[PDB]
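S.K.: Chains as they are written, first to last, in the deposited numbering: chain Y, 505 to 527, 532 to 561, 609 to 637, 644 to 655; chain G, 706 to 793, 810 to 838; chain A, 609 to 637, 644 to 793, 810 to 838; chain H, 505 to 527, 532 to 554; chain X, 609 to 637, 644 to 705; chain U, 609 to 637, 644 to 655. For each residue, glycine too, the CB sits at the ideal point set by N, CA and C. To start, I am sharing the structure in question, which I have written as structure tokens.
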Amino acid sequence: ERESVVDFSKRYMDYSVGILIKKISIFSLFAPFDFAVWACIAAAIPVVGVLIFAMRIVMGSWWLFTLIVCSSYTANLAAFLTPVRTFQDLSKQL
Amino acid sequence: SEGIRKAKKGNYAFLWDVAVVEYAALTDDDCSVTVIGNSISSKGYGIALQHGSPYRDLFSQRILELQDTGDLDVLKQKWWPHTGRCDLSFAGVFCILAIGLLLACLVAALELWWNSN
Amino acid sequence: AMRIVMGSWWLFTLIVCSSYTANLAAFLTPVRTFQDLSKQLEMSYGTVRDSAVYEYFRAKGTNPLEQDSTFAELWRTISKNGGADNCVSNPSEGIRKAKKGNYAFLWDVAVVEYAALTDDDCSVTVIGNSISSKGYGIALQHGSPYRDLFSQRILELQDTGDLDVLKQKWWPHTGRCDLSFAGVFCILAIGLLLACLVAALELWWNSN
Amino acid sequence: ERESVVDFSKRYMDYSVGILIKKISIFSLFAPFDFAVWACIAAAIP
Amino acid sequence: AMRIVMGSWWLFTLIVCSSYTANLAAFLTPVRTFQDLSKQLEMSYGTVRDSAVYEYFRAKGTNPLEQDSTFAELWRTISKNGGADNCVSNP
Amino acid sequence: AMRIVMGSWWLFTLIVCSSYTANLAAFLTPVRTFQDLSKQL
């Protein structure tokens, strides 16, 4: 209706709108890991418990086995090494 | 102007020109705000004129070409450059401490239950 | 007693060195990546050569005040040997070429997913980048008293948003293509196999 | 150059022009690591 | 016996302690730096008014086509309080 | 003894935690040295 009887000239800028934002403590380092494999370890010990019925093969499993699980808990210390938290218009509706 | 401090004092994300918020970031003595981008270039902003004017396409030709040279964006970068003024634990005791106190209370329960048995 | 001592507390530190050694190994950790500036240090780009993209990017990627960290990296990638392997004589040449040549450049994303989502690949998904000031408009000539009549209908279709409806008619955005944690089990049941190697051979060797 | 001599109307989109024709979990421990030292342990055993 | 019952605690969270012992030491990385840009975070910045370094670099902490924003940052370091942020008149 | 045992597990704690950040010395830090005089050698 600014075009119905009158006119604009052509574009100086383009369409937008702005959003003004002004600017769990120890739980958060287990969160980079999939929580299912905790119980995948927890069911593995019943499998090892079958072996009641050598033993050094079963020990030698485990000295290789939880090796990496210790390294896996050593892994997620690097959580920043590679106010607002979420940036979607829809994500901030909630 | 109300949306300055009401967004400062009260969880209000606002609906406004980004460039005003850009200069409000350019003015605050502490880098203490947050903005999120927007990109809608199918709709534009032109400049009104008298309905019937001889040089309208000639006006818009400079509107065109100063953007084609990009010096229009240098005019944007005059009053608001790209950097601006704003460039945009030891209390974790109880948490793991409490999960086993279920068991720590349940030990004496099964003790006194079977010791009476 | 004292003869048993030598390699023992030797291993009380060497394996620890080895633990710290294997510890650090990963702590800094067409479609290839996800960000356009991350593309700017990758392989070169398949545009149509001698296009207006080819023209105006040489006009403005060489403009340093109007350089925004991709366009010169764009220019140095595309200008290889005077443009060799970015070869376009007929237009569909560079449009075809580097599917398995593994260069990547795109259109405006409309004609992109017009062709790409009518493909069976969907690893051809290159991320979006388009000229925020240059595109396709609507052409007439000076002196025909028709423009405000028609630019009325130009603005109104997005005022209604039926500009979006007609884009989504012959071009829906949906299409057939809408758009570190398993290493134990790599070697887990290998131990169950070694259990079968050991204890079953013990059982049969006792049965022998 | 066109719009100097023959008038236009408004934009509706932007532009580019490109290419369009169809035609491990744990082993990062070994990208710095020379794999034989496992055997260096296994032969340091006897 | 109940050696089995509660003994999970000196195992697990002691490792969690060793992790907090660790990760903060890694995240660690007279003169501090040799930059006019890395020391923009240091405040109470003494400087002289009515001088050539007071004059010319206000002309060079302005003009946003000058793409070394260190100079404009050190400009706006003192430009507040009318230019009299934490300032002296003479050396 | 129960009292110099204190000195044992503490070194078992301390020295390993003290062994820690020198991995970043191996990890974090083509060119390495920038002096005109340092490259004379």
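For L780 (chain G), name the three-state secondary structure that DSSP assigns.
M.R.: DSSP places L780 (chain G) in helix when its eight states are reduced to three.
S.K.: Quick one: grab the DSSP three-state call for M614 (chain U).
M.R.: Helix at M614 (chain U).
S.K.: Could you list which residues in chain Y have their beta carbon closer than 7 angstroms to that of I534 (chain H), in chain order?
M.R.: Result: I623.
S.K.: Is the distance from the Cβ of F719 (chain A) to the Cβ of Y659 (chain A) below 7 angstroms?
M.R.: For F719 (chain A) and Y659 (chain A), yes; Cβs fall inside 7 angstroms.
S.K.: Using a beta-carbon distance below 7 angstroms, is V667 (chain A) in contact with chain H?
M.R.: Interface residue, yes.
S.K.: For the beta strand (DSSP E) that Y717 (chain G) lies in, which residues bound it at each end?
M.R.: From DSSP, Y717 (chain G) is part of no beta strand (DSSP E); its letter is neither H nor E.
S.K.: At a CB-CB cut-off below 9 angstroms, which residues of chain H make contact with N743 (chain A)?
M.R.: Those within 9 angstroms of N743 (chain A) in chain H are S520.
S.K.: Buried or exposed, going by whether 16 or more other CB atoms sit within 10 Å of the CB of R761 (chain A)?
M.R.: Label assigned to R761 (chain A): buried.
S.K.: Measure how close the beta-carbons of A666 (chain A) and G675 (chain A) come, nearest whole angstrom, since I'm counting them as under 8 angstroms.
M.R.: 13 angstroms between Cβ atoms; not a contact.
S.K.: When burial is assigned at 16 or more other CB atoms within 10 Å of the CB, is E832 (chain A) buried or exposed?
M.R.: Classification for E832 (chain A): exposed.
S.K.: Can you tell me whether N700 (chain A) is buried or exposed, with buried defined as 16 or more other CB within 10 angstroms of its CB?
M.R.: Classification for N700 (chain A): buried.
S.K.: Between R663 (chain X) and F671 (chain X), what straight-line distance do the alpha-carbon atoms span, to the nearest angstrom?
M.R.: Approximately 12 angstroms, taken between the alpha carbons.
S.K.: Using DSSP with H/G/I as helix, E/B as strand and the rest coil, what is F811 (chain A)?
M.R.: Of the three classes helix, strand and coil, the one that applies to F811 (chain A) here is coil, per DSSP.
S.K.: Between the Cα of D650 (chain A) and the Cα atoms of A:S747, A:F620 and A:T684, which residue gives the shortest distance?
M.R.: The shortest C-alpha separation from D650 (chain A) is found at A:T684.
S.K.: Write down the C-beta distance between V521 (chain Y) and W721 (chain G) rounded to the nearest angstrom, noting that I regard them as a contact closer than 8 angstroms.
M.R.: With a Cβ gap of about 7 angstroms, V521 (chain Y) and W721 (chain G) count as contacting.
S.K.: Classify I612 (chain U): buried if its beta carbon has 16 or more other beta carbons within 10 angstroms, exposed otherwise.
M.R.: It is exposed - the Cβ of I612 (chain U) has fewer than 16 other Cβ atoms within 10 Å.
S.K.: Using a Cβ cut-off of 7 angstroms (strictly closer), state whether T629 (chain X) contacts chain U.
M.R.: With 7 angstroms as the cut-off, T629 (chain X) counts as an interface residue toward chain U.
S.K.: Under 6 angstroms Cβ to Cβ from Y717 (chain G), same chain only, skipping five residues before and after it: list those, please.
M.R.: If we look at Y717 (chain G) and ignore the five residues flanking it on each side, its Cβ neighbours are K711.
S.K.: Checking 7 angstroms against the spacing of the C-beta atoms, do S744 (chain A) and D518 (chain H) come in under that value?
M.R.: Yes, Cβ-Cβ distance for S744 (chain A) and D518 (chain H) is below 7 angstroms.
S.K.: Taking all protein chains shown into account, do 16 or more other C-beta atoms lie within 10 angstroms of the C-beta of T629 (chain Y), making it buried, or fewer, making it exposed?
M.R.: Counting Cβ neighbours within 10 Å, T629 (chain Y) comes out buried, since at least 16 surround it.
S.K.: On the CB-based measure, 16 or more other CB atoms within 10 Å of its CB, does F764 (chain A) come out buried or exposed?
M.R.: Per the 10 Å Cβ criterion, exposed.
S.K.: In chain H, which residues lie with their C-beta within 8 angstroms of the C-beta of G749 (chain G)?
M.R.: Within 8 angstroms Cβ-Cβ: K514 and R515.
S.K.: Can you list, in chain order, the residues of its chain whose CB lies under 8 angstroms from that of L688 (chain A), leaving out five sequence neighbours each side?
M.R.: Cβ neighbours of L688 (chain A) beyond the five flanking positions: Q654, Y659, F671 and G675.
S.K.: Please report the residue range of the alpha helix (DSSP H) in which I553 (chain H) lies.
M.R.: Taken as a continuous stretch (DSSP letters only), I553 (chain H) belongs to no alpha helix (DSSP H), as it is neither H nor E.
S.K.: Give the interface partners of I553 (chain H) over in chain A, defined as CB-CB distance under 7 angstroms, in chain order.
M.R.: Correct list: empty, because the minimum Cβ distance to chain A is about 10 angstroms.
S.K.: Which residue spans inside the stretch 747-782 of chain A form an unbroken alpha helix (DSSP H) run of at least 4?
M.R.: The stretch 747-782 of chain A contains these whole alpha helix (DSSP H) runs: 761-773.
S.K.: Give me the subset of the stretch 673-684 of chain X whose CB atoms are less than 8 angstroms from a CB atom of chain G, sorted by chain position.
M.R.: Cβ contacts with chain G: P678, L679 and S683.
S.K.: Rounded to the nearest angstrom, what separates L524 (chain Y) and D792 (chain G) at their Cα positions?
M.R.: Distance between the alpha carbons of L524 (chain Y) and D792 (chain G) is about 15 angstroms.
S.K.: Name, in chain order, the residues that DSSP records as bridge partners for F620 (chain U).
M.R.: Paired residues: none, contrary to the question.
S.K.: Between the C-alpha atoms of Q772 (chain A) and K781 (chain A), what's the straight-line distance to the nearest angstrom?
M.R.: Distance between the alpha carbons of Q772 (chain A) and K781 (chain A): 11 angstroms.
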